[PDB]
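Comments concern the structure below.
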Amino acid sequence: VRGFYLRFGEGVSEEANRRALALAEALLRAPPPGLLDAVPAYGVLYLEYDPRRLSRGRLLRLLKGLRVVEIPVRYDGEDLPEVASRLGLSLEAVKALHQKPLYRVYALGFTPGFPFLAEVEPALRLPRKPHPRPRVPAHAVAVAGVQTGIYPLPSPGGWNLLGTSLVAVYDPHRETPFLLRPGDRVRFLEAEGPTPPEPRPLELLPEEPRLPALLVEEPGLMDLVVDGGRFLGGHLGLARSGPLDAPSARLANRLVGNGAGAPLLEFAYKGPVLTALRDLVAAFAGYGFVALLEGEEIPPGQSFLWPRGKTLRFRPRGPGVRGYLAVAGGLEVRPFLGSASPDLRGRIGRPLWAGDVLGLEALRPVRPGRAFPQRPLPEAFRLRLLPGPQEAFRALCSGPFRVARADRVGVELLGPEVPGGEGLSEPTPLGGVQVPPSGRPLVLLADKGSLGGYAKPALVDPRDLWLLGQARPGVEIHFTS
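Going letter by letter, the sequence shown gives residues 2 to 67, 76 to 399, 403 to 493 in PDB author numbering.
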């Protein structure tokens, strides 16, 4: 799975952005099979695709011949006085200036539904903060230089906070989840009223499934049901998601006769405790755990009969941190925008709870006892690097790094100093190695944010991204060309 950019003009340019947005819509309105994402942001359009199904030449030749929204706002931002005095204006002036232009969405989805709007009037243009707040509250309306934005949900931020949107831009429970879409025009107007609530997570599995399969006795650390992933959502800020270690997910399903993206269960560090509500055939793959069905150990990479009333358990036996459980027929799921995978940033899906009842989608007649020798998890990960959209290579390949933090969003590395940078947000590539100006390098994974400001000198080869799905704090990593 390759991915590439088409750039039409540097900086925040209306013409260049119209050009990028135009092509994005042309593809999204009629997506050729093989297109994974088309994400516009200012003068840049990012295209992610499968070369098996869709060639780059095909995709390029397609491109060769390829709404005003009111935002009511209470202007009581914590920075409003500061911004006024810093710019030599009154409160009234900043409020008038901010309401004047008909803005437009140059980029969308720093978090799901988060619009980057421009242009702010010259007199109101003011640089970002030196240090960002770790938590900017939901619905905050802030400005930074030529831009203005709306925080659909809580996140960190150093933009100058001017007020609060009296309408929630993002809400997945709503009939139309995203109030704003790329290219839309926005007018702000001063209003009075309550701050709207944050949406709470949208559940992707039915509470009472039609074919109860297993009861969650005890939950693991974070058990997430996942399918192939969510596609053609990056332009809204929706993550690809899916299994963090795809090869293992596939094996688990493959063994129980399921398709490629049959909803299965991913768990990390601590697995769940599950009791079959009926006779099942399931399979366990992944690393870090050993399965135990009523005492008897079940090694990973083989399917097995799971009788009614018996309890399955997972016991750590490392290294590796992430394991998958697949059941014959797949799990029943209510999909959101085409996928059962979660986006915990966008509050789509949730970790399994105690008392949850998962169900079969279909009654697939399969015989248990299929087995396949899983590729072993190597002691040290020798990850391959590809050229990123941004000298830097040498820094990464020079020596051994060590995994500090590591989750579904990305793997944080500490080791040799690597030169970074920052600019306008652009769509985050597949397996990109993100290097800030001053900060640890961060390899971005399935739950990464759609847009990113920090430089991406390299990409991890997509055939090596599974290793980072089994990354544990302390694991050593070596980069090579």
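C-beta: ideal position from N, C-alpha, C; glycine also.
**Asked** Cα-Cα, which of 23, 359 and 144 is closest to residue 234?
**Response** Among 23, 359 and 144, the Cα nearest to that of residue 234 is on 359.
**Request:** With DSSP collapsed to three states, give me the class of residue 322.
**Result:** In the three-state reduction of the DSSP assignment, residue 322 falls in the strand class.
**Min CB distance residue 275 to chain D below 8 angstroms** = No chain D appears in the structure shown, which is made up of a single protein chain.
**Message:** Report the start-end ranges of each alpha helix (DSSP H) in the region 89 to 135 that is 4 residues or longer and not cut off at the edges.
**Reply:** Qualifying alpha helix (DSSP H) stretches, in chain order: 89 to 96 and 100 to 108.
**Request:** Work out the CA separation of residue 336 and residue 316 for me, nearest whole Å.
**Result:** Those two C-alpha atoms are separated by around 13 angstroms.
**Request:** Compare the C-alpha of residue 494 against each of 64, 292, 60 and 481 and name the closest.
**Result:** Beyond the ends of the chain as shown, which are 2 and 493, falls residue 494; an answer cannot be given.
**Request:** Please confirm whether residue 367 and residue 222 have their CB atoms less than 8 angstroms apart.
**Result:** In this structure, the beta-carbon distance from residue 367 to residue 222 falls below 8 angstroms.
**Request:** Select from 443, 451 and 469 the residue whose C-alpha is nearest the C-alpha of residue 479.
**Result:** Among 443, 451 and 469, the Cα nearest to that of residue 479 belongs to 443.
**Prompt:** Applying the criterion that 16 or more other CB atoms from any shown protein chain within 10 Å of the CB defines a buried residue, is residue 363 buried or exposed?
**Reply:** Its Cβ having fewer than 16 others within 10 Å, residue 363 is exposed.
**Host alpha helix (DSSP H) of residue 26 (start-end)** = First-last of the alpha helix (DSSP H) with residue 26: 15 to 30.
**Request:** Keeping to the same chain, check which residues put their C-beta closer than 8 angstroms to that of residue 119; ignore five residues upstream and five downstream.
**Result:** Excluding sequence neighbours, residue 119 sits near 125, 158, 164, 246, 437, 461, 462 and 463.
**Asked** Would you say the region 343 to 357 touches the region 172 to 192, given that touching needs at least three Cβ pairs under 8 angstroms?
**Response** Under the 8 angstroms Cβ criterion, the region 343 to 357 counts as touching the region 172 to 192, having at least three qualifying pairs.
**Asked** Which first and last residues belong to the alpha helix (DSSP H) in which residue 478 is found?
**Response** That run of the alpha helix (DSSP H) goes 477 to 481.
**Request:** Determine the extent of the beta strand (DSSP E) in which residue 257 is found, giving its start and end residues.
**Result:** From DSSP, residue 257 is part of no beta strand (DSSP E) but of the alpha helix (DSSP H) over 255 to 264.
**Item:** Close Cβ partners of residue 41 (< 6 angstroms) along its chain, the five nearest in sequence each way excluded
**Value:** Cβ neighbours of residue 41 beyond the five flanking positions: 21, 22, 25 and 191.
**Request:** Look up residue 292 in the DSSP assignment and say whether it is helix, strand or coil.
**Result:** The answer is strand: DSSP assigns residue 292 an E or B state.
**Prompt:** Taking residue 153 as the reference, which of 142, 134, 162 and 432 has the closest Cα?
**Reply:** Of 142, 134, 162 and 432, the residue nearest in Cα terms is 134.
**Asked** Mind checking residue 67: buried by the 16 CB within 10 Å criterion, or exposed?
**Response** Result: exposed.
**Residue range of the unbroken alpha helix (DSSP H) whose run includes residue 404** = According to the DSSP assignment, residue 404 belongs to the alpha helix (DSSP H) that extends over 404 to 409.
**Message:** Determine whether the beta carbon atoms of residue 240 and residue 55 lie at a separation below 8 angstroms.
**Reply:** For the 8 angstroms CB-CB criterion, residue 240 and residue 55 do not form a contact.
**Prompt:** If we ignore side chains and look at the alpha-carbon of each, how far apart do residue 149 and residue 170 end up?
**Reply:** Linking residue 149 to residue 170 through their CA atoms gives a straight-line distance of about 7 angstroms.
**Asked** Does DSSP put residue 58 in a helix, in a strand, or in coil?
**Response** Helix at residue 58.
**Request:** Keeping to the same chain, check which residues put their C-beta closer than 6 angstroms to that of residue 129; ignore five residues upstream and five downstream.
**Result:** Result list for residue 129: 152, 155 and 157, in chain order.
**Request:** Please report the residue range of the beta strand (DSSP E) in which residue 84 lies.
**Result:** Judged by DSSP secondary structure, residue 84 falls outside any beta strand (DSSP E); it is assigned neither H nor E.
**Item:** Buried versus exposed call for residue 214 [16 or more other C-beta atoms within 10 Å across all chains shown]
**Value:** The C-beta of residue 214 has 16 or more other C-beta atoms within 10 Å across all chains shown, which makes the residue buried.
**Asked** In or out: residue 140 buried (at least 16 other Cβ within 10 Å) or exposed?
**Response** Exposed, because fewer than 16 other Cβ atoms sit within 10 Å of the Cβ of residue 140.
**Request:** With a cut-off of 8 angstroms on the beta carbons, I'd call residue 334 and residue 370 a contact; round off their distance for me.
**Result:** Wrong, their Cβ atoms sit about 15 angstroms apart, outside the cutoff.
**One or two residues paired with residue 164 in a DSSP bridge** = Looking at the DSSP output, residue 164 sits in a beta bridge with 145.
**Prompt:** With contact counted as at least three CB pairs below 8 angstroms, one residue from each stretch, are the region 292 to 304 and the region 323 to 331 in contact?
**Reply:** By the Cβ criterion, the region 292 to 304 is in contact with the region 323 to 331, since at least three pairs of Cβ atoms, one from each stretch, lie closer than 8 angstroms.
**Request:** Count the other C-beta atoms from every protein chain shown that fall within 10 angstroms of the C-beta of residue 483, then say buried if there are 16 or more, exposed otherwise.
**Result:** With 16 or more Cβ atoms within 10 Å of its Cβ, residue 483 is classed as buried.
**Asked** Would you call residue 389 buried or exposed, if buried means 16 or more other Cβ atoms sit within 10 Å of its Cβ?
**Response** Sixteen is the threshold: since fewer than 16 other Cβ atoms of the shown chains lie within 10 Å of the Cβ of residue 389, the residue is exposed.
**Prompt:** Looking only at C-alpha atoms, which of 88, 267 and 109 sits nearest to residue 374?
**Reply:** Of the candidates 88, 267 and 109, the one whose C-alpha sits nearest the C-alpha of residue 374 is 267.
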